[PDB]
Structures are given as structure tokens and as C-alpha cells.
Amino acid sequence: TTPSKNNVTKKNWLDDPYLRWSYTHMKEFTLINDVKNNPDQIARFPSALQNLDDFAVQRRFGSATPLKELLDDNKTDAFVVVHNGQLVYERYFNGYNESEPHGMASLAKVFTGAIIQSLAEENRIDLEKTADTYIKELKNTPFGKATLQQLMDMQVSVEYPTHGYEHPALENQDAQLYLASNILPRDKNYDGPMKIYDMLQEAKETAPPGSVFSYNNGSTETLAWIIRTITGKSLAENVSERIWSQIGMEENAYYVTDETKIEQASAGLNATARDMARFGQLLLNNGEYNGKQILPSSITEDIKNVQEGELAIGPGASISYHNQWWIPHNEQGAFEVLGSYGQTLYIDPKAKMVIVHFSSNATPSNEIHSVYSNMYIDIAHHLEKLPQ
């Protein structure tokens, strides 16, 4: 089957092979709000190209496989490597157009996080206040009772009804956001959320806020609701004014929305790979672009100061999470954001490297995430001209 607009449906868009189309053409399938660049202030990426096609990736010790073929075998669509602020390697696969925005799943979350941090530092919000301080509609509900900081750190434990929907490759927290946004099928008896905020109102608390890490789209969606309420502007307009128009982006981005034109803050941003790399470089540079503080320097500072055992993702976990970012505690001090179907923004401050990885891998193997995580370290050490 060759996927196309004529055969991709609300039922199947997340499944192979349909996903290879849907995640490269989301705006042809859904409602969107544009995130504008500045067309008069694009900044071409300086380059220092190295062909990594035959770079030996260790699937495991003693089993190497060449990089370009490994990427393709795992349904990668785009792969961009930036080193010391220069483009080193980019590859686009499966007919995917480098200049067309791609789905990025949870990579969106870091944009909401960044704007929350900016607003907090502008003294417009207080991260230690409860969400229902700002969203009166959420008063005394589980997302309402959480502090902004708890939301930022994914420490709000919530379950939603299923409304009878289940898909074998989808967590309920994702299914519900998509049902809320009208991009999964609502059956004859559907009694579930009709817009994103409805989902938040259905939240049932399963542990006290702050008590443990629990990854939930709803936390980011709540934070985005705060952005909109405080600023009186859409999330798309906020991201455009604060970020997308400010760092030489080549193309517009866009957010998938619900039927009320509320953006999926947690999962709906679509952008080009080089543009995501520009944002990566911004964070590598602690929020500075051509001498201007675009985003708070605290974002990266605070992340880099998270020690093993602080903000852990579970008891004894070596991985931490802070302000919408994962902190693996790898040998590079890297930090990253991940998204379903093989998306990654990965920042390595030791090697001064950014990797953007976009995919449309409907059901990734259990091994590929660790293969990639280790491959990023090996790429960095290669670019740094280290013996290993």
C-alpha cells in the first residue's frame, strides 16, 4: 500500500505505512494554526560537511552497521547533525521534502516549557503557584491543584477514562488527546472529550502532585492554557513571536489543533529538521542568538545542574526529567526531548553537538532507542576526533 491523502483515515493514520505520509503531511489531514518565521531574516546554516553515511554504528558491541542504512531501516525521515554551530550532515529519506514540516510528537513540549520559564522570569506567573490560580475553570481539579513547577517536572499523576477506545501502540494519555482533538474516530456512543480542555476536566488524580514522576500530555496542555490566558494570544502566536521569528528559521511551523483551534501543546508542533536544529543550537548557546537573550539562560543552566538521583523518573532511576526535558546522565552531559515514532532533539554540551532526528516508525523495536542513544555519543566522539 502506498499511502496518500485518499487512503489515510482517522482510524489508520498512526499505523504503518499510513504514518509515513501522515507525519510528513499533517496539515493536509488536520486543523492547524501557523507558527510564522520571519521570511526577511532567514539565516543560512554555515556548514562543514562530513559524509557519515558509512559511519559504523554499534547495534551492540561487535555488531556494527552503517549509519545511513540503519536510519532508513528504522523509518527515519530526517537526520541532521550540527557541530560547533555548523551543519555537518543531513539526510532525508523516503521522499520526504526537507522544507516541509514533519510531525514531532512530544518534541513540542520544550516550547511550552521555554515560554513558561520566560513568563515566570518576566514576573507574569509564579512557578510555585497552582495552575488553578490562573485557570479558574480548573479550580480544585487534579491539574488545577498542581503547581506550575510540578507540571513542568511531570509530577502530576492522572488517569483519564478510555471512552471505549484502545489501540495497541497508544497509551491512553495519547489516545485521549487525539480523541479530544477529533483526529481519532469517535464512535456512535462516544461520550468523551470534545476539545482538549474537556480532557483536562476528566482527569482523575492517582497520586499526590509532586510525589512521583508520571509522564502526561495533560500537564503540558495545562501549562499551554496558562500561556494563552496570561498573554491573551494563541500558543502558535506565542511560539512565533518569542522564538520562531527570532532565530533565522527557514520555514513556518504549525500546530495541529482541536476543533476549537486550541493547539496540541503536548504533541502537535510540525517543523523542519534544520529549523529544529536552529532551536537546538539556541539551547546549546544558553538561549543567546546574535548577542540577544531570546530565552532565559536558566533553561539550560538548570537542566545541566540536575544530578543523578534528583528529579528521577522513578525510584533509583539514572534518568531525570526537568522542565519538559529528559536528562539521561550520559557521559556527555546530554539532554534531550523524545517523541513517539522515532523523534529526538538531542543536545550535547560537551561536544557542542545538536542532533535532530525525525521518523515515521509506527512501532519501533525495543532496541532502537538505545542504539540511537549510544550512536549519538559515538558520532560526537568521532566529530571531536577522539580515539573513542
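Start at 1 with the first residue shown and count on from there.
Checklist entry - So 218-226 or 180-188, which one's hotter by mean CA B-factor in the entry? => result According to the entry, 180-188 carries the higher average C-alpha B-factor.
Next on the checklist: If you average the CA temperature factors as listed in the entry, which stretch comes out higher, 303-311 or 94-102?
Outcome noted: Stretch with the greater average CA B-factor: 303-311.
Checklist entry - Looking at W244, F111, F143, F79, which has the highest Cα B-factor in the entry? => result In this record, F143 carries the highest C-alpha B-factor of the candidates.
Next on the checklist: Just the C-alpha B-factor column, please: which of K75, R274, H83, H163 has the biggest number?
Outcome noted: Within the set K75, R274, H83, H163, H163 shows the top C-alpha B-factor.
Checklist entry - Ranked by Cα temperature factor within the chain, is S118 in the lowest third, the middle third or the highest third? => result Bottom third by C-alpha B-factor.
Next on the checklist: How does the C-alpha B factor of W21 compare with the rest of the chain: lowest, middle or highest third?
Outcome noted: According to the entry, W21 has a C-alpha B-factor in the chain's middle third.
Checklist entry - Would the CA B-factor of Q324 place it in the lowest, middle or highest third of its chain? => result For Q324, the deposited C-alpha B-factor lands in the lowest third.
Next on the checklist: Could you place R124 in the lowest, middle or highest third of its chain by Cα temperature factor, using the values in the record?
Outcome noted: Middle third of the chain for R124's C-alpha B-factor.
Item to check | Ranked against its chain, the third holding the CA B-factor of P46 | outcome: Middle third of the chain for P46's C-alpha B-factor.
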